[PDB]
file final_11.txt (compact mmCIF, C-alpha atoms and all ligand atoms)
# COMPACT_ATOMS: atom_id res chain seq x y z
CA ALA D 1 35.00 26.53 -37.77
CA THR D 2 34.03 23.18 -39.27
CA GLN D 3 30.82 21.74 -37.81
CA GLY D 4 29.15 18.36 -38.15
CA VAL D 5 32.34 16.25 -38.24
CA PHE D 6 33.08 13.76 -35.46
CA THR D 7 35.89 11.28 -34.89
CA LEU D 8 34.40 8.12 -33.43
CA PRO D 9 36.39 5.12 -32.21
CA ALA D 10 37.13 2.79 -35.13
CA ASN D 11 34.71 0.01 -36.13
CA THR D 12 32.03 0.95 -33.60
CA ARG D 13 28.28 0.71 -34.05
CA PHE D 14 26.57 4.06 -33.53
CA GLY D 15 23.03 5.37 -33.82
CA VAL D 16 22.00 8.38 -35.88
CA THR D 17 18.55 10.00 -35.60
CA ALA D 18 17.14 13.13 -37.23
CA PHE D 19 14.24 15.37 -36.20
CA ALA D 20 12.57 18.11 -38.26
CA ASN D 21 11.19 21.46 -37.12
CA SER D 22 10.62 23.51 -40.26
CA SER D 23 8.13 24.03 -43.07
CA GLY D 24 10.94 23.14 -45.50
CA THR D 25 11.61 19.48 -46.22
CA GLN D 26 14.93 18.46 -44.63
CA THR D 27 17.52 16.14 -46.19
CA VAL D 28 20.09 14.73 -43.77
CA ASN D 29 23.17 13.11 -45.31
CA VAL D 30 25.37 10.97 -43.04
CA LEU D 31 28.86 10.21 -44.36
CA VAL D 32 31.22 7.57 -42.98
CA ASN D 33 34.78 7.89 -44.29
CA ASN D 34 33.42 10.36 -46.88
CA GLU D 35 30.94 7.92 -48.44
CA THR D 36 27.21 8.29 -47.80
CA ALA D 37 26.04 5.63 -45.36
CA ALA D 38 22.52 6.94 -44.58
CA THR D 39 20.23 9.69 -45.84
CA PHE D 40 16.99 10.79 -44.20
CA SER D 41 14.37 13.06 -45.77
CA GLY D 42 11.17 14.46 -44.32
CA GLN D 43 9.20 17.49 -43.23
CA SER D 44 7.70 18.35 -39.85
CA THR D 45 7.10 21.36 -37.62
CA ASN D 46 6.47 19.15 -34.56
CA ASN D 47 9.83 17.44 -34.11
CA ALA D 48 8.95 14.23 -35.97
CA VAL D 49 11.64 11.59 -36.41
CA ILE D 50 12.42 11.69 -40.14
CA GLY D 51 14.99 8.90 -39.85
CA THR D 52 16.96 6.67 -37.51
CA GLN D 53 19.63 4.10 -38.33
CA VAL D 54 22.45 2.00 -36.89
CA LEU D 55 25.74 2.57 -38.72
CA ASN D 56 29.35 1.46 -38.28
CA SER D 57 32.14 4.02 -37.93
CA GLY D 58 34.43 1.79 -39.99
CA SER D 59 38.21 1.89 -39.97
CA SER D 60 38.58 5.68 -40.12
CA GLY D 61 35.94 6.56 -37.52
CA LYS D 62 35.14 9.74 -39.48
CA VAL D 63 31.43 10.62 -39.38
CA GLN D 64 30.06 13.75 -41.07
CA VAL D 65 26.50 15.11 -40.99
CA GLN D 66 25.18 17.40 -43.73
CA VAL D 67 21.75 19.01 -43.99
CA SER D 68 20.17 20.57 -47.05
CA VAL D 69 16.71 21.89 -47.82
CA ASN D 70 15.61 21.82 -51.45
CA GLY D 71 19.24 21.52 -52.53
CA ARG D 72 20.64 24.41 -50.44
CA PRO D 73 23.08 23.61 -47.61
CA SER D 74 21.97 24.54 -44.10
CA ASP D 75 24.24 26.29 -41.60
CA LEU D 76 25.31 23.78 -38.93
CA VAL D 77 26.20 23.90 -35.25
CA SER D 78 27.57 20.88 -33.43
CA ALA D 79 29.32 19.56 -30.33
CA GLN D 80 30.17 16.22 -28.73
CA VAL D 81 29.41 15.49 -25.07
CA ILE D 82 30.66 12.49 -23.07
CA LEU D 83 28.99 11.36 -19.84
CA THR D 84 30.64 9.25 -17.11
CA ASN D 85 33.62 8.94 -19.49
CA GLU D 86 31.64 6.39 -21.49
CA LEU D 87 28.36 7.56 -23.04
CA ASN D 88 28.84 9.70 -26.16
CA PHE D 89 26.54 12.17 -27.91
CA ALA D 90 27.40 13.99 -31.13
CA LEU D 91 24.84 16.76 -31.59
CA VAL D 92 23.95 18.75 -34.72
CA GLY D 93 21.63 21.68 -35.26
CA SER D 94 20.89 23.39 -38.54
CA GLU D 95 19.31 26.58 -39.83
CA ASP D 96 17.65 26.63 -43.26
CA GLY D 97 16.48 30.26 -43.15
CA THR D 98 16.62 33.52 -41.19
CA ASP D 99 14.79 33.07 -37.88
CA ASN D 100 17.94 31.41 -36.45
CA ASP D 101 16.33 28.79 -34.22
CA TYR D 102 18.82 26.16 -35.56
CA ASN D 103 16.28 23.34 -34.97
CA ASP D 104 15.22 22.92 -38.61
CA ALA D 105 16.95 19.56 -38.78
CA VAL D 106 18.22 18.25 -35.43
CA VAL D 107 20.55 15.24 -35.62
CA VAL D 108 21.67 13.13 -32.63
CA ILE D 109 24.47 10.54 -32.86
CA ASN D 110 24.95 8.24 -29.88
CA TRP D 111 27.29 5.40 -28.95
CA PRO D 112 28.12 2.81 -27.77
CA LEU D 113 25.10 0.71 -28.73
CA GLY D 114 23.95 -2.66 -27.47
CA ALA X 1 24.29 14.49 -7.37
CA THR X 2 20.77 14.58 -8.74
CA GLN X 3 20.57 13.56 -12.39
CA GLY X 4 17.82 13.67 -15.00
CA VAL X 5 16.21 16.91 -13.77
CA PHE X 6 16.13 19.94 -16.05
CA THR X 7 14.66 23.41 -15.80
CA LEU X 8 13.23 24.40 -19.14
CA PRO X 9 11.80 27.80 -20.02
CA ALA X 10 8.21 27.92 -18.82
CA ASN X 11 5.32 27.01 -21.12
CA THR X 12 7.66 25.73 -23.83
CA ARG X 13 7.06 22.82 -26.17
CA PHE X 14 9.89 20.30 -26.11
CA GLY X 15 10.49 16.90 -27.64
CA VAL X 16 11.46 13.83 -25.63
CA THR X 17 12.74 10.65 -27.31
CA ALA X 18 14.07 7.39 -25.84
CA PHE X 19 16.31 4.66 -27.28
CA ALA X 20 16.88 1.17 -25.84
CA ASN X 21 20.18 -0.77 -25.66
CA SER X 22 19.59 -3.67 -23.27
CA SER X 23 18.17 -7.16 -22.87
CA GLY X 24 15.77 -5.64 -20.34
CA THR X 25 12.51 -3.87 -21.07
CA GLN X 26 13.11 -0.16 -20.44
CA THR X 27 10.38 1.97 -18.85
CA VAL X 28 11.06 5.71 -19.21
CA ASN X 29 8.93 8.08 -17.12
CA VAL X 30 8.84 11.77 -18.07
CA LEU X 31 7.46 14.03 -15.33
CA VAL X 32 6.48 17.66 -15.82
CA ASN X 33 5.92 19.68 -12.64
CA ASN X 34 6.36 16.42 -10.67
CA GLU X 35 3.49 14.69 -12.51
CA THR X 36 3.80 11.97 -15.15
CA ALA X 37 3.39 13.46 -18.63
CA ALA X 38 4.69 10.62 -20.82
CA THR X 39 5.77 6.98 -20.47
CA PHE X 40 7.81 4.94 -22.94
CA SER X 41 8.31 1.18 -22.78
CA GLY X 42 10.14 -1.20 -25.07
CA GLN X 43 13.14 -3.43 -25.56
CA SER X 44 15.97 -3.36 -28.08
CA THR X 45 19.71 -4.00 -28.21
CA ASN X 46 20.02 -2.05 -31.47
CA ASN X 47 19.10 1.50 -30.39
CA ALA X 48 15.44 1.32 -31.40
CA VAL X 49 13.28 4.35 -30.64
CA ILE X 50 10.93 3.10 -27.92
CA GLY X 51 9.02 6.38 -27.79
CA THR X 52 8.95 9.98 -28.95
CA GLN X 53 6.52 12.69 -27.91
CA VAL X 54 6.05 16.46 -27.78
CA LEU X 55 5.23 17.86 -24.34
CA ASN X 56 4.80 21.32 -22.85
CA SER X 57 7.05 22.37 -19.96
CA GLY X 58 4.17 24.26 -18.32
CA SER X 59 4.30 26.83 -15.51
CA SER X 60 7.22 25.44 -13.47
CA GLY X 61 9.39 24.35 -16.41
CA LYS X 62 10.61 21.36 -14.35
CA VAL X 63 11.15 18.21 -16.43
CA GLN X 64 12.41 15.00 -14.79
CA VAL X 65 13.33 11.72 -16.51
CA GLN X 66 13.23 8.43 -14.60
CA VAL X 67 14.18 4.98 -15.90
CA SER X 68 13.30 1.61 -14.37
CA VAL X 69 13.83 -2.01 -15.39
CA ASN X 70 12.06 -4.97 -13.76
CA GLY X 71 10.75 -2.53 -11.14
CA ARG X 72 14.23 -1.27 -10.21
CA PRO X 73 15.38 2.36 -10.71
CA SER X 74 18.23 2.62 -13.19
CA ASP X 75 21.23 4.77 -12.29
CA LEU X 76 21.23 7.96 -14.37
CA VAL X 77 23.74 10.34 -15.92
CA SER X 78 22.64 13.61 -17.48
CA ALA X 79 23.67 17.02 -18.77
CA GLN X 80 22.23 19.95 -20.67
CA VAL X 81 24.14 21.44 -23.62
CA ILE X 82 23.27 24.65 -25.49
CA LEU X 83 24.52 25.44 -28.99
CA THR X 84 24.74 28.96 -30.47
CA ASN X 85 22.98 30.12 -27.27
CA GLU X 86 19.65 28.90 -28.67
CA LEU X 87 19.46 25.15 -29.41
CA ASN X 88 19.02 23.03 -26.28
CA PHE X 89 19.66 19.33 -25.59
CA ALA X 90 18.89 17.69 -22.25
CA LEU X 91 20.61 14.30 -22.27
CA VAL X 92 20.10 11.22 -20.10
CA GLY X 93 21.84 7.87 -19.95
CA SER X 94 20.92 5.03 -17.60
CA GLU X 95 22.43 1.79 -16.33
CA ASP X 96 20.19 -1.17 -15.43
CA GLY X 97 22.98 -3.69 -14.78
CA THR X 98 26.66 -4.10 -14.11
CA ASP X 99 28.54 -3.33 -17.33
CA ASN X 100 28.31 0.49 -16.98
CA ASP X 101 27.75 1.33 -20.61
CA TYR X 102 24.93 3.68 -19.45
CA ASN X 103 23.08 3.31 -22.77
CA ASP X 104 20.35 0.95 -21.58
CA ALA X 105 17.78 3.70 -21.99
CA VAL X 106 19.05 6.84 -23.73
CA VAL X 107 16.74 9.86 -23.48
CA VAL X 108 17.09 13.02 -25.57
CA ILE X 109 15.10 16.18 -24.81
CA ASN X 110 15.35 19.05 -27.29
CA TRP X 111 13.89 22.53 -27.64
CA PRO X 112 12.79 24.87 -29.12
CA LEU X 113 10.47 23.10 -31.58
CA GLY X 114 8.74 24.33 -34.73
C1 LIG D 201 10.27 28.82 -43.65
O1 LIG D 201 9.17 29.27 -43.44
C2 LIG D 201 11.27 28.96 -42.50
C3 LIG D 201 11.29 27.72 -41.66
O2 LIG D 201 10.08 27.02 -41.35
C4 LIG D 201 9.41 27.59 -40.19
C5 LIG D 201 8.10 26.82 -39.94
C6 LIG D 201 10.33 27.60 -38.93
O3 LIG D 201 10.56 26.24 -38.51
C7 LIG D 201 11.68 28.18 -39.35
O4 LIG D 201 12.60 28.06 -38.25
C8 LIG D 201 12.28 27.45 -40.53
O5 LIG D 201 13.59 28.01 -40.83
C1 LIG D 202 21.64 -7.85 -18.87
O1 LIG D 202 22.11 -8.69 -19.60
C2 LIG D 202 22.39 -6.51 -18.85
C3 LIG D 202 21.98 -5.61 -19.96
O2 LIG D 202 21.65 -6.15 -21.25
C4 LIG D 202 22.85 -6.37 -22.06
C5 LIG D 202 22.46 -6.98 -23.40
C6 LIG D 202 23.68 -5.07 -22.25
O3 LIG D 202 22.95 -4.14 -23.08
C7 LIG D 202 23.84 -4.42 -20.88
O4 LIG D 202 24.41 -3.12 -21.07
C8 LIG D 202 22.54 -4.21 -20.16
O5 LIG D 202 22.85 -3.57 -18.89
CA CA D 203 15.01 28.08 -38.74
CA CA D 204 12.64 25.79 -37.20
CA CA D 205 24.17 -1.49 -19.19
CA CA D 206 23.51 -1.63 -22.75

call {"tool": "encode", "arguments": {"input": "final_11.txt", "output": "structure tokens"}}
result
Amino acid sequence: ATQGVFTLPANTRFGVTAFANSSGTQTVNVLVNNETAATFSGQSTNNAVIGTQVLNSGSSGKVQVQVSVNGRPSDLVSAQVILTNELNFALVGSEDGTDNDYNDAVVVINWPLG
Amino acid sequence: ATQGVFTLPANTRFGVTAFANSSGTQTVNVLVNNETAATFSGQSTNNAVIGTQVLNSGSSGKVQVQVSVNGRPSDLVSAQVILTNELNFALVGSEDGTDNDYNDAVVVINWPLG
């Protein structure tokens, strides 16, 4: 099934943050209504924050996360969790190789902000 | 129900990261085996990362997150979610006031690392 796509409420500020856990340099592309609205790039095997940004979901609310490593797309896993009917997390894991730890780039989207 | 307490696999490196969305200064306390292992402090209404660290879960594997503002415990919500039976997120929201957005300090714990 499709992974890394989330429908947010329209015109809502959300946070996006990416962590790296891989010897390969990770490139995280964040799309809002199918246009790139943030890209993060970095390399770390100790969970370093390679990027964090406040974006707006815009009129469509469509947010998509992609991860690639040296040009090659990573396999993604994702889910959205909602706590006390109010606090939202959209979670993404990715695997760039074979060991299947799916932490190579870890992306966390959270809203509402403020 | 108790919130903000997670049992991790023993002796396992994990990342903990906190974001702030409040007029108040957030103080996040991360306890491992009932003893303080990290403390984050900062203020932001635009989701700024007030702290990120790598810790080890140790022998018990017990990790607890606590949040306080102006010396007052914030009310917490939490859950753990596991993707492809491998990638782990322990999630915490907190409310320091009356509006119940529960984003005042947002804490994300993830493992495995590396
Ligand atoms: C390349 O060596 C594979 C790669 O980097 C490792 C350090 C480890 O993080 C692995 O999961 C990642 O796919
Ligand atoms: C105090 O004003 C309450 C407090 O700060 C606000 C800016 C808002 O973030 C609210 O959620 C937080 O509890
Ligand atoms: Ca991997
Ligand atoms: Ca990895
Ligand atoms: Ca609040
Ligand atoms: Ca708030």

call {"tool": "closest_residue", "arguments": {"input": "final_11.txt", "among": "D:21, D:39, D:26, D:56", "to": "chain X", "atoms": "all atoms listed in the file"}}
result
D:21

call {"tool": "residues_around", "arguments": {"input": "final_11.txt", "residues": "residue 46 in chain X", "least_positions_apart": "4", "cutoff": "10 Å", "atoms": "all atoms listed in the file", "output": "PyMOL selection string"}}
result
(chain D and resi 13-15+53-54+113-114) or (chain X and resi 19-22)

call {"tool": "closest_atom_pairs", "arguments": {"input": "final_11.txt", "of": "chain D", "to": "ligand LIG 201 (chain D)", "cutoff": "9 Å", "atoms": "all atoms listed in the file", "output": "Markdown table"}}
result
| residue | atom | partner | partner_atom | distance |
| --- | --- | --- | --- | --- |
| D:20 | CA | D:LIG201 | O3 | 8.4 |
| D:21 | CA | D:LIG201 | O3 | 5.0 |
| D:22 | CA | D:LIG201 | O3 | 3.2 |
| D:23 | CA | D:LIG201 | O2 | 4.0 |
| D:24 | CA | D:LIG201 | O2 | 5.7 |
| D:44 | CA | D:LIG201 | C5 | 8.5 |
| D:45 | CA | D:LIG201 | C5 | 6.0 |
| D:94 | CA | D:LIG201 | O5 | 8.9 |
| D:95 | CA | D:LIG201 | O5 | 6.0 |
| D:96 | CA | D:LIG201 | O5 | 4.9 |
| D:97 | CA | D:LIG201 | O5 | 4.3 |
| D:98 | CA | D:LIG201 | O5 | 6.3 |
| D:99 | CA | D:LIG201 | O4 | 5.5 |
| D:100 | CA | D:LIG201 | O4 | 6.6 |
| D:101 | CA | D:LIG201 | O4 | 5.5 |
| D:102 | CA | D:LIG201 | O4 | 7.0 |
| D:103 | CA | D:LIG201 | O4 | 6.8 |
| D:104 | CA | D:LIG201 | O3 | 5.7 |

call {"tool": "write_last_selection", "arguments": {"input": "final_11.txt", "atoms": "C-alpha atoms", "output": "PDB file, in the frame of the given file"}}
result
ATOM      1  CA  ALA D  20      12.570  18.110 -38.260  1.00  0.00           C
ATOM      2  CA  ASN D  21      11.190  21.460 -37.120  1.00  0.00           C
ATOM      3  CA  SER D  22      10.620  23.510 -40.260  1.00  0.00           C
ATOM      4  CA  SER D  23       8.130  24.030 -43.070  1.00  0.00           C
ATOM      5  CA  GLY D  24      10.940  23.140 -45.500  1.00  0.00           C
ATOM      6  CA  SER D  44       7.700  18.350 -39.850  1.00  0.00           C
ATOM      7  CA  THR D  45       7.100  21.360 -37.620  1.00  0.00           C
ATOM      8  CA  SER D  94      20.890  23.390 -38.540  1.00  0.00           C
ATOM      9  CA  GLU D  95      19.310  26.580 -39.830  1.00  0.00           C
ATOM     10  CA  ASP D  96      17.650  26.630 -43.260  1.00  0.00           C
ATOM     11  CA  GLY D  97      16.480  30.260 -43.150  1.00  0.00           C
ATOM     12  CA  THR D  98      16.620  33.520 -41.190  1.00  0.00           C
ATOM     13  CA  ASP D  99      14.790  33.070 -37.880  1.00  0.00           C
ATOM     14  CA  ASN D 100      17.940  31.410 -36.450  1.00  0.00           C
ATOM     15  CA  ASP D 101      16.330  28.790 -34.220  1.00  0.00           C
ATOM     16  CA  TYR D 102      18.820  26.160 -35.560  1.00  0.00           C
ATOM     17  CA  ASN D 103      16.280  23.340 -34.970  1.00  0.00           C
ATOM     18  CA  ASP D 104      15.220  22.920 -38.610  1.00  0.00           C
TER      19      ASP D 104
END

call {"tool": "atom_distance", "arguments": {"input": "final_11.txt", "atom1": "CA of residue 110 in chain X", "atom2": "CA of residue 25 in chain X"}}
result
23.9 Å

call {"tool": "residues_around", "arguments": {"input": "final_11.txt", "residues": "residue 36 in chain X", "least_positions_apart": "4", "cutoff": "12 Å", "atoms": "all atoms listed in the file", "output": "MDAnalysis selection string"}}
result
chainID X and resid 28:32 40 55 57 62:66
